[PDB]
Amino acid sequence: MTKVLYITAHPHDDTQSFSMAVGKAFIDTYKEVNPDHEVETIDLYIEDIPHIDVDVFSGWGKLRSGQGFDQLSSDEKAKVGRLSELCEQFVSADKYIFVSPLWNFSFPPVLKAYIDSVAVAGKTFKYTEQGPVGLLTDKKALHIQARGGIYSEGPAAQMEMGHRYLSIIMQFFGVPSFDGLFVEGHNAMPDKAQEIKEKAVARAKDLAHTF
């Protein structure tokens, strides 16, 4: 019962989103190709992602569940249960789709908050003799990212940090397959915006046949 998690990190504004257009093309084609697959959406601007406070983690990837947990308010226990829920939904899926805009060489803050919620020891990684090892050894992931300028080549490619960070987390979680699909340069060459968008949508449709 292949399950796919469509994770969007985009506010619900008037301005047209290139990343959400490519994402929509990808995910609509994917379901037409794979009608039996379950696709679950997590819209990070609609869902509540808890803030990390002193109380929710006892250390790196260690959800509070000891004597300090029992000393928590029902509010703080509810926060720990929500992080548990976010993480469980993440580990339960076979495939991950991230959709994001490039903001100041990275992604919206709430995608970091989401990563912080699902990075849990015994769930996405474990502590070994040789250090942290990922558990998600049979998953695959895709990032659909829109960028105003060109980041796939030239001096700018070294400044990209959003896809680069997601690549580091997927490595850390031991995800063996991480695809990038980029719609870029439409703010640098607005005369070519519709051609750039159409080309990325076609690429998205192609990837939806093999993902």
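Residue numbers run from 1 along the displayed sequence.
Chemist: When the Cα temperature factors in the entry are averaged, is it 99 to 107 or 82 to 90 that ends up higher?
Modeler: Of 99 to 107 and 82 to 90, the stretch with the higher C-alpha B-factor average is 82 to 90.
Chemist: Per the record, averaged over C-alpha atoms, which has the higher B-factor: 72 to 80 or 119 to 127?
Modeler: Per the PDB entry, the higher value belongs to 72 to 80.
Chemist: Determine which member of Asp48, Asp43, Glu184, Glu160 has the highest CA B-factor, using the values in the deposited entry.
Modeler: Within the set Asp48, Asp43, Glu184, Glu160, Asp48 shows the top C-alpha B-factor.
Chemist: For the C-alpha B-factor as written in the entry, point me to the maximum among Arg164, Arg147, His143, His37.
Modeler: Checking the PDB record, the top C-alpha B-factor among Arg164, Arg147, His143, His37 is at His37.
Chemist: In terms of the CA temperature factor given in the entry, to which third of its chain does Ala208 belong: lowest, middle or highest?
Modeler: Middle third by C-alpha B-factor.
Chemist: Compared with the other modelled residues in the chain, in which third is the CA B-factor of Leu5?
Modeler: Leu5: CA B-factor falls in the middle third of its chain.
Chemist: Among the modelled residues of this chain, does the Cα B factor of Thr15 put it in the lowest, middle or highest third?
Modeler: Middle third.
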